[PDB]
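Written out below as structure tokens is the structure these notes cover.
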Amino acid sequence: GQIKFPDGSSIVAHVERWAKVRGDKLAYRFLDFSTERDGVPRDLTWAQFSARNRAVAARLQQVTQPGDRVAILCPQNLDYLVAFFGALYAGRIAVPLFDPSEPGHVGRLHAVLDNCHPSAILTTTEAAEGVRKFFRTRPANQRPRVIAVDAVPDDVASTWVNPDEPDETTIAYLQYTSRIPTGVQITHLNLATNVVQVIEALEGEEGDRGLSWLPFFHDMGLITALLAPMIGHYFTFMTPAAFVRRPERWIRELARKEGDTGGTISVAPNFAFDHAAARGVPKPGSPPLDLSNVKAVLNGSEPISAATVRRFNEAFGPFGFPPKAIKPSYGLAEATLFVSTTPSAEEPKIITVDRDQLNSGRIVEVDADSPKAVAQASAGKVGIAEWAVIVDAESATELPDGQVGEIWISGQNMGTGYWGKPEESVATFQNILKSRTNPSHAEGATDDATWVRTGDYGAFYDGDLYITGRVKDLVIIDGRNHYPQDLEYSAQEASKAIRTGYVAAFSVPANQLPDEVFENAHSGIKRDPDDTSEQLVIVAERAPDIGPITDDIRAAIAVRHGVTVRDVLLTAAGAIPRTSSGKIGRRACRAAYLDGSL
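Here the sequence shown stands for residues 1 to 598, numbered as in the numbering used here.
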């Protein structure tokens, strides 16, 4: 009926079965935008695919003990996938990570390795010395063996032994998300379950194509690549760097290829759509572009702007892109990826709700032209055999539809906890819902089941799930609540000097505010060391005279919201702290303001 796999079932064997049936057929396709001019399809067949997995696994089994953790440090390549699957084949724990020769940020990776203590490192000959230099910075006591995956001979596959059948508790891999790092424990069960949850939600036919430029070290990027080998189908990808430079590459891959059966499926964050809108439109001397075939492009991992949807359809619509193609979706790493998505036959639902009531917790529609209106885009309906409920965090009781609360999630796809963090694991992953309500969005789930606290505010409305954002990023000032995305939207629209989606809004205790703020007359707050009250701060990058810019922002937010901005900090482009996925670190940006920067 609902996601019950037979006993003894395992992925290594499942992919191997497909590998025997699809033998000479294409498994993965990598588009190389490197020194070559434009595109180099690098292909890996099922036969090659299976062969390398077993070969790498054979070397892993000799050099690593079962239960040990295996880190994958590779740029985006076929070998990244050969390395991951190899870890599963060997029976070890994969730990997806990135190339330490990436533009800075490899100091953060020290911290991750500190959490899981990997016994071995998988990399490529290209990135190997970089990994060597990287680890030279760490003590010798922790220096795990490094294996170049492309360098391992195919003949080593001969000594491979299939690992023992997994149980309900067996950890498949550690998915790290974003002060100390948190690896989520994802079992083999979590992996197979969510893959099944996604495929049923996608309604994929046997003619569809699929593609992603997203990084594999990101949960949204990883499972998307892991989808294809379990369905039988092929999967084509490129590097994220390739997309940022020429977003037209992605659309061209989305566009109808000559003579295919089905539509294209992909996923990408909200900011990518805006990116693809400006720079991703083809030049006039390029061949014709037909986007009519696109089935579903999922938009997730960050709050989706109705503007981005309107802008994108406006841009690629004339090329035949359907409006029902954009599929807003919600999910997290604690679900390993997927929680809810917009149904496959449907248009994306974007609503507009009263601002003041939203800040009070109620979801109530209002006309879009109304002065207090905030656009809200649905994440659609919850995935199969998993449940999402709106709860009162303090009372652990299910709230009625239309009222905002913390989102709790439960399902077989949910992780078993955080690696090496026992206390936090219990508080987050083990919670029981003490009370249900009228149509109980938890219906179908056992009264005794554990719920995972997502840490996000949300609500249910007219059959769709809406995510209002994170509890941690909520801006409370002087007794009234503010959603930070709302403030920065009003801020960026105030001055054209502000790079778009470069803004971060937060609150700081008045006593902590810098001395400069109190010396500034235009602030409106004076310095009392005994004042612990939260004050609004807004930080924004300067797209390619502070005085007028700050005042416009101060005025616009003051008028639309009713809060006074105490400090507006303009930095150079790219200065604002971000994360792995490319999203703004809010609270991390706050810290960067308080510890001071440039």
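Using N, Cα and C, we set each Cβ at its ideal position, and we do this for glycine too.
Q. Does DSSP put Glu253 in a helix, in a strand, or in coil?
A. Position 253 of the sequence shown, counted from the start, is the residue given in the question as residue 253. It is helical.
**Q.** Where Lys327 falls, given that 16 or more other Cβ within 10 Å makes a residue buried
**A.** Here the question's residue 327 lines up with position 327 in the sequence shown. It counts as buried.
Q. Which class does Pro96 belong to by DSSP, given the choice of helix, strand or coil?
A. Indexing the sequence shown from 1 puts residue 96 at position 96. DSSP places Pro96 in strand when its eight states are reduced to three.
Q.
Please classify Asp167 as buried or exposed, where buried requires at least 16 neighbouring CB atoms within 10 angstroms.
A. As a first step, residue 167 is located in the sequence shown; it is residue number 167 there, counting from the start. By the neighbour-count rule (16 or more Cβ atoms within 10 Å), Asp167 is not buried but exposed.
**Q.** Close Cβ partners of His441 (< 6 Å) along its chain, the five nearest in sequence each way excluded
**A.** Sequence index remark: in the sequence shown, residue 441 carries index 441 (1-based). Closer than 6 Å at the Cβ level, and outside the excluded window around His441, lie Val389.
**Q.** Among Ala445, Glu443, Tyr466, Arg470, the one whose alpha carbon lies nearest that of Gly455
**A.** Within the sequence shown, numbered from 1, the residue matching residue 455 stands at position 455. Checked all of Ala445, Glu443, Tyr466, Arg470; the closest Cα to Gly455 is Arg470.
Q) In the structure shown, what three-state DSSP assignment does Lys324 receive? A) Residue numbering aside, residue 324 sits at position 324 when the sequence shown is read from its first letter. Helix.
Q. What residue does the beta strand (DSSP E) around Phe506 start on, and which one ends it?
A. Your numbering for residue 506 matches position 506 in the sequence shown. Looking at the DSSP string, the run of the beta strand (DSSP E) that includes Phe506 is 504-509.
Q: Please name the residue, chosen from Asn293, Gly107, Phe271, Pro282, that lies closest to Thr308 on a Cα-to-Cα basis.
A: Within the sequence shown, numbered from 1, the residue matching residue 308 stands at position 308. Of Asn293, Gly107, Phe271, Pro282, the residue nearest in Cα terms is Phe271.
Q | Among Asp290, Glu248, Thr428, the one whose alpha carbon lies nearest that of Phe33 | A | As a working mapping, residue 33 is identified with position 33 in the sequence shown. Measuring from the Cα of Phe33, the nearest candidate turns out to be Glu248.
Q | Per DSSP, cross-strand counterpart(s) of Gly405 | A | Numbered from 1 along the sequence shown, position 405 holds the residue referred to as residue 405. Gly405 pairs with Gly458.
Q. So what's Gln512 in DSSP terms, helix, strand or just coil?
A. For the purposes of this step, residue 512 is taken as residue 512 along the sequence shown, with counting starting at 1. Three-state DSSP puts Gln512 in coil, outside helix and strand.
Q.
Tell me the DSSP secondary structure of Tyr466 in three-state form.
A. Counting from one through the sequence shown, the residue named residue 466 turns up at place 466. Three-state DSSP puts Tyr466 in a strand.
**Q.** Counted within 10 angstroms of its Cβ, other Cβ atoms place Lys283 as buried (16 or more) or exposed
**A.** Taking the first residue of the sequence shown as 1, we reach residue 283 at position 283. Classification of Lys283: exposed, given that the 10 Å Cβ count is below 16.
Q: Look up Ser440 in the DSSP assignment and say whether it is helix, strand or coil.
A: Counting from 1 along the sequence shown, the entry for residue 440 is found at position 440. Three-state DSSP puts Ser440 in coil, outside helix and strand.
Q: For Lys295, count neighbouring C-beta atoms within 10 Å of its own C-beta (all shown protein chains included) and say buried if the count is 16 or more, exposed if not.
A: For the purposes of this step, residue 295 is taken as residue 295 along the sequence shown, with counting starting at 1. Looking at its Cβ environment, which holds 16 or more other Cβ atoms inside 10 Å, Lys295 is buried.
Q) Roughly how many angstroms lie between the CA atoms of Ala368 and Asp150, to the nearest whole one? A) As a first step, residue 368 is located in the sequence shown; it is residue number 368 there, counting from the start. As a first step, residue 150 is located in the sequence shown; it is residue number 150 there, counting from the start. Roughly 55 Å between the two C-alpha positions.
Q.
Just to confirm my understanding: we take residue 602, look at its own chain, exclude 5 residues before and 5 after, and list those with CB closer than 8 Å. What are they?
A. Residue 602 is absent from the model: the chain starts at 1 and stops at 598.
**Q.** Residues that DSSP places opposite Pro41 in a beta bridge
**A.** For the purposes of this step, residue 41 is taken as residue 41 along the sequence shown, with counting starting at 1. In DSSP, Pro41 forms a bridge with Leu31.
Q) Beta carbon of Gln492, beta carbon of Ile3: below 8 Å? A) The residue you call residue 492 lines up with position 492 of the sequence shown. The residue you call residue 3 lines up with position 3 of the sequence shown. Not in contact: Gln492 and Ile3 (Cβ atoms no closer than 8 Å).
Q) Got a sec? Which residues, its chain only, sit under 6 Å from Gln76 by beta carbon, not counting five neighbours each side? A) Within the sequence shown, the letter at position 76 stands for residue 76. So the qualifying residues of the chain are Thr239.
Q. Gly86 by DSSP, collapsed to three states: which one?
A. In the sequence shown, residue 86 corresponds to position 86, counting from 1. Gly86: helix per DSSP, three-state reduction.
Q) Which stretch, first to last residue, makes up the beta strand (DSSP E) that contains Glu424? A) The residue given as residue 424 occupies position 424 in the sequence shown. Not the beta strand (DSSP E): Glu424 falls in the alpha helix (DSSP H), residues 422-429.
Q) From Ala459 to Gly204, what distance separates their C-alpha atoms? A) Numbered from 1 along the sequence shown, position 459 holds the residue referred to as residue 459. Numbered from 1 along the sequence shown, position 204 holds the residue referred to as residue 204. When rounded, the distance between both Cα atoms is 29 Å.
Q. From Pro41 to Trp213, what distance separates their C-alpha atoms?
A. As a position in the sequence shown, residue 41 is number 41, starting the count at 1. As a position in the sequence shown, residue 213 is number 213, starting the count at 1. Roughly 14 Å between the two C-alpha positions.
Q) According to the Cβ coordinates, are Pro269 and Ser305 closer than 8 Å? A) As a first step, residue 269 must be located in the sequence shown, where it is residue number 269. As a first step, residue 305 must be located in the sequence shown, where it is residue number 305. Result no, Cβ atoms of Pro269 and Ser305 do not sit closer than 8 Å.
Q) Quick one: what does DSSP say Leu570 is sitting in, helix, strand or coil? A) Taking the first residue of the sequence shown as position 1, residue 570 is located at position 570. Correct three-state label for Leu570: strand.
Q.
Quick check on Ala201: buried or exposed, where buried means 16 or more other Cβ atoms within 10 Å of its Cβ?
A. Your numbering for residue 201 matches position 201 in the sequence shown. That one is buried.
Q: Pick helix, strand or coil for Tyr489, following the three-state DSSP scheme.
A: Residue numbering aside, residue 489 sits at position 489 when the sequence shown is read from its first letter. Helix, per DSSP.
Q. Is DSSP giving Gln62 helix, strand or coil here?
A. As a first step, residue 62 must be located in the sequence shown, where it is residue number 62. Helix.
Q) Just the Cα atoms here: how many angstroms apart are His105 and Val426? A) Counting from 1 along the sequence shown, the entry for residue 105 is found at position 105. Counting from 1 along the sequence shown, the entry for residue 426 is found at position 426. Roughly 30 Å between the two C-alpha positions.
Q. With respect to the alpha helix (DSSP H) encompassing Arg69, which residues constitute its N-terminal and C-terminal limits?
A. On the sequence shown, residue 69 is found 69 positions in, with the first residue counted as 1. From DSSP, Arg69 is part of no alpha helix (DSSP H) but of the beta strand (DSSP E) over 69-72.
Q.
Below 8 Å on the Cβ atoms is my contact criterion, and I expect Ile498 with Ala543 to pass it. Report the Cβ-Cβ distance as a whole number of Å.
A. The count along the sequence shown starts at 1 and reaches residue 498 at position 498. The count along the sequence shown starts at 1 and reaches residue 543 at position 543. That belief holds up - the Cβ atoms of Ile498 and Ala543 are roughly 7 Å apart, short of 8 Å.
Q: May I ask you to list the residues that DSSP assigns as paired with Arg453?
A: Here residue 453 corresponds to residue number 453 of the sequence shown, with the count starting at 1. Answer is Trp408.
Q.
Here's the rule I'm using: 16 or more other beta-carbon atoms within 10 Å means buried, otherwise exposed. How should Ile546 be labelled?
A. Position 546 of the sequence shown holds residue 546. Counting Cβ neighbours within 10 Å, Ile546 comes out exposed, since fewer than 16 surround it.
Q. Who are the Cβ neighbours of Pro577 in its own chain at under 6 Å, not counting the five residues just before and after it?
A. Residue numbering aside, residue 577 sits at position 577 when the sequence shown is read from its first letter. Excluding positions up to five away in sequence, the list reads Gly585, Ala588, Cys589, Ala592.
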